[PDB]
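Positions are given from 1, in the same order as the sequence printed here. Reckoned from all heavy atoms, side chains included, excluding hydrogens, waters and symmetry mates.
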Amino acid sequence: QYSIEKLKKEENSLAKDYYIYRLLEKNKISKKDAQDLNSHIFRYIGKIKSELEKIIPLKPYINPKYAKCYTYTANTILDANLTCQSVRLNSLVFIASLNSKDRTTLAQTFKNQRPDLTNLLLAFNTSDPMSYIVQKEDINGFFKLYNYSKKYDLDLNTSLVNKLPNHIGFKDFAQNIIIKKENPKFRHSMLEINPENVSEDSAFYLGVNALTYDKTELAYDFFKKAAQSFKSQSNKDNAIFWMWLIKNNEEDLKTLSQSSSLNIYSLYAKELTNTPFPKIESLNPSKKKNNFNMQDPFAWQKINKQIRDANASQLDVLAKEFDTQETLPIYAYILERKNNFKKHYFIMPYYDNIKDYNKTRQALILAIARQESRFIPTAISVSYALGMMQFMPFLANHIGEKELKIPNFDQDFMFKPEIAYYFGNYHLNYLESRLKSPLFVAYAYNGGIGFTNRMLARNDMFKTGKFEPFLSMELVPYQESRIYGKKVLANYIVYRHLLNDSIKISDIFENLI
Ligand SMILES: CC(=O)N[C@H]1[C@H](OC[C@@H]2COCCO2)O[C@H](CO)[C@@H](O)[C@@H]1O
């Protein structure tokens, strides 16, 4: 381990952050050491920020221009100047705290210059501020109220619902209420959004919404708009898949089978149309090694930043330097970027550690590692998940110390490929014994077995139905896990194919119901 003095000489990065966090959790950062430390932190969010703030609370920020505005309370705000009154009324909780006579007075003060404030003040003088704001068709007010409280729910007419998509809050609003199955009046109302007024993710979610109300024609129209507007081919393919499932136009299935993106939808379409499996690149560098230390986390952070900021030309230089057996994961990572994500790279590094597992297990391990880390041994996530299999420290220590009793175990052993694959096998055994399906195992790997069990206990998830199991896959309630499962399933299919242990993705889908 490294002293705070030595860390401070490294460039700011997630690896430096991780090692500062390890000092904080072992109580090795003094109040004096902590003085300058926020300037040494690459991403000052979450656990590292809350640990540091136990040592030095952070005061700010109040823009000094408005400091005086924050000396007033709900009881004294009528004594404040007009600028101070309007600043404090940015807060809906502040508005809710006012007495209703003061809301009446302030609404009159601001009716000319700030009718938005007037609307919210008079809204909070009623028993349902949302109904008042909806009657005014005040769109900014609507989103402010929603952000204040998710509990408001009302029917919204055609005119009002068609205005909502123009506001930056709409995409997260629509996603949250559709996935969480909340706010049913809002959800039903969003059936009347004209597809011409939405695009991309929002259009897609509105398609999903329409399916849940069995409005399949409206669903098709939303999904078609999504397919036409999505920036990523993978997302476009997901929308085309729905267009096909709903209306069964054989041109849509044909377009999906010919996609340049390898994903579950394009793989499925290929299978349904007797189209050959996509071409997988074969990387076999002849050079054995270079000078690069694959076990130095700081060196990875530095080379990653260079690779990500490399122009078309500097990528070619790096490709050559890292075209060795020892740096195969870095080589594939460079090629993936250098080829503009058009070629399919499915490497199997450190294969000696898994070659004695059965091939189905190999493929699941490789599928997870590909998505988690792209096989970078010293990978570190924003939540300080570690190594190729991206173990959280807590689980790493549970397995390495309590279960396996590895002598002198430290969570940094997760950066060793032999350890990553061994622990990954261990945990995947636990999960698969309970969940069976590789998709369910992927959800549980990323999101936990508790979330996965609760999802599978519901009457409306992964049961029989017209559009199952695809619909359920769109309604997995955590976005990171929803995405993750689809990517890991595609990888699994590919690696099973590469290992001469092919399975039809249609058999995976049947086993989800
Ligand atoms: C290194 C890192 O941040 N990995 C992430 C990972 O980030 C994706 C990419 C894949 O290419 C290499 C870098 O990570 O996302 C998954 C969720 O999908 C996380 O569980 C995982 O911890």
Side-chain angles (χ1 to χ4, degrees), residues 1-71 84 87-88 90-91 93 291-311 314 318 330 333 372-374 376-388 390-398 400-401 408-416 420 480:
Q1 192 186 224
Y2 327 72
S3 65
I4 192 55
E5 288 82 24
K6 177 158 193 139
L7 280 171
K8 279 184 180 177
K9 300 189 318 197
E10 295 290 339
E11 304 181 12
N12 288 7
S13 76
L14 285 175
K16 179 173 161 181
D17 287 6
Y18 169 55
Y19 285 107
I20 295 169
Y21 179 75
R22 289 192 74 177
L23 297 176
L24 287 164
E25 92 186 313
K26 290 190 282 227
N27 300 308
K28 285 169 181 279
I29 301 297
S30 72
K31 181 167 186 185
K32 289 154 189 192
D33 292 324
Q35 303 300 341
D36 56 49
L37 207 54
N38 26 248
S39 75
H40 278 278
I41 293 179
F42 182 78
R43 181 179 177 280
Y44 189 64
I45 298 180
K47 290 168 325 233
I48 197 172
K49 172 178 158 63
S50 54
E51 287 286 289
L52 193 66
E53 287 178 1
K54 285 159 59 206
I55 306 175
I56 301 186
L58 73 49
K59 215 80 171 139
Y61 180 59
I62 301 173
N63 183 359
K65 176 177 145 134
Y66 300 132
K68 153 117 158 183
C69 303
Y70 293 90
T71 64
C84 282
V87 166
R88 296 308 303 281
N90 289 324
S91 165
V93 164
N291 313 295
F292 189 82
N293 192 350
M294 292 292 294
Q295 287 295 297
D296 176 359
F298 303 104
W300 170 243
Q301 295 301 319
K302 186 187 179 57
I303 207 66
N304 194 21
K305 174 162 59 196
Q306 281 171 48
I307 294 162
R308 285 174 156 303
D309 202 40
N311 62 42
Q314 309 158 291
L318 287 163
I330 300 182
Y333 186 97
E372 284 295 354
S373 62
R374 288 289 197 267
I376 300 297
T378 61
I380 298 174
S381 86
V382 297
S383 60
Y384 316 139
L386 305 176
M388 294 200 311
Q390 290 284 286
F391 276 81
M392 286 300 178
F394 185 76
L395 178 62
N397 290 317
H398 181 78
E401 285 160 0
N408 314 122
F409 183 76
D410 181 81
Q411 68 187 50
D412 288 1
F413 285 19
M414 304 314 302
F415 298 148
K416 295 168 201 190
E480 184 173 315

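Side chain to side chain, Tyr18 and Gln411 meet the donor-acceptor criterion of an N or O pair below 3.5 Å.
Without hydrogens or angle criteria, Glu10 side chain to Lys6 main chain gives no donor-acceptor distance under 3.5 Å. A distance-only check finds no donor-acceptor pair linking the side chain of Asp296 to the backbone of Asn293 [under 3.5 Å].
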| task | Carefully, step by step, assess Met294 and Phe292 under the rule side chain to side chain contact (heavy atoms under 4.5 Å, CB included). | result | CA-CA 6 Å; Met294 292 292 294; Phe292 189 82; 3.7 Å; yes
| request: Dump the intermediate steps for side chain to side chain contact (heavy atoms under 4.5 Å, CB included) on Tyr19 and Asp412, then the final yes or no. | output: CA-CA 10 Å; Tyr19 285 107; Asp412 288 1; 2.7 Å; yes
| query | After noting the C-alpha distance and the side-chain angles of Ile307 and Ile330, does the key distance pass the side chain to side chain contact (heavy atoms under 4.5 Å, CB included) rule? | reply | CA-CA 10 Å; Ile307 294 162; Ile330 300 182; 4.1 Å; yes
| request: Using the side chain to side chain donor-acceptor pair (under 3.5 Å) rule, take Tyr70 and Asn63 through it: C-alpha gap first, then chi angles, then the decisive distance, then the call. | output: CA-CA 10 Å; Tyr70 293 90; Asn63 183 359; over 6 Å; no
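Residues meeting the side chain to side chain contact (heavy atoms under 4.5 Å, CB included) test with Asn304, sequence neighbours left out: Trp300, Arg308, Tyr333. Among residues two or more places apart in sequence or in another chain, the side chain to side chain contact (heavy atoms under 4.5 Å, CB included) test is passed with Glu401 by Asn397, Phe409. The side chain to side chain contact (heavy atoms under 4.5 Å, CB included) search around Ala15 returns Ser13, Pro297, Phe298, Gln301, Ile380, not counting sequence neighbours. Remark: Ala34 engages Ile29, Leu52, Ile55, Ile56 in a side chain to side chain contact (heavy atoms under 4.5 Å, CB included) (not counting sequence neighbours).
The distance from atom OG1 of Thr378 to atom CE of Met414, rounded to the nearest 0.5 Å, is 13.5 Å. Here the straight-line distance linking atom CZ of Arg22 with atom CD of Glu51 works out to 13.5 Å at 0.5 Å rounding. Note that CD1 of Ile48 is 8.5 Å distant from OH of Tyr21, once rounded to the nearest 0.5 Å. Within the model, atoms OG of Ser373 and CG of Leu386 stand 11.5 Å from one another, a figure rounded to the nearest 0.5 Å. A distance of 12.5 Å separates CZ in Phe415 from CD1 in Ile376, rounded to the nearest 0.5 Å.
At most 12 non-hydrogen atoms from other residues, nucleotides or ligands lie less than 6.0 angstrom from NZ of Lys65.
Between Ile4 and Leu23, the shortest heavy-atom distance links the atoms N-CD1, 3.9 Å. Considering every non-hydrogen atom in both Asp33 and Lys8, the closest pair reads O-NZ, 3.4 Å. A pairwise comparison of heavy atoms in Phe413 and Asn408 identifies CZ-O, 3.4 Å as the closest pair.
Counting heavy atoms from C-beta on, the side chains of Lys302 and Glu11 come closer than 4.5 Å. Looking only at side-chain heavy atoms (C-beta outward), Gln295 and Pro377 come within less than 4.5 Å of each other. In this structure the side chain of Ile303 reaches within 4.5 angstrom of the side chain of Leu318, judged on heavy atoms.
Here disulfide bond (SG atoms under 2.5 Å apart) pairs that include residues 6-70, with residues two or more places apart or in two chains, are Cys69-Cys84.
Salt bridge annotation for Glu25-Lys47: absent, with no cationic side-chain nitrogen under 4.0 angstrom from a carboxylate oxygen.
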Do any side-chain atoms of residues 39-46 form donor-acceptor pairs under 3.5 angstrom with protein atoms, and if so which ones, sequence neighbours left out?
unit_1, atom_1, unit_2, atom_2, d
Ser39, OG, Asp36, O, 2.8
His40, ND1, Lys16, NZ, 2.8
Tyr44, OH, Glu53, OE2, 3.1

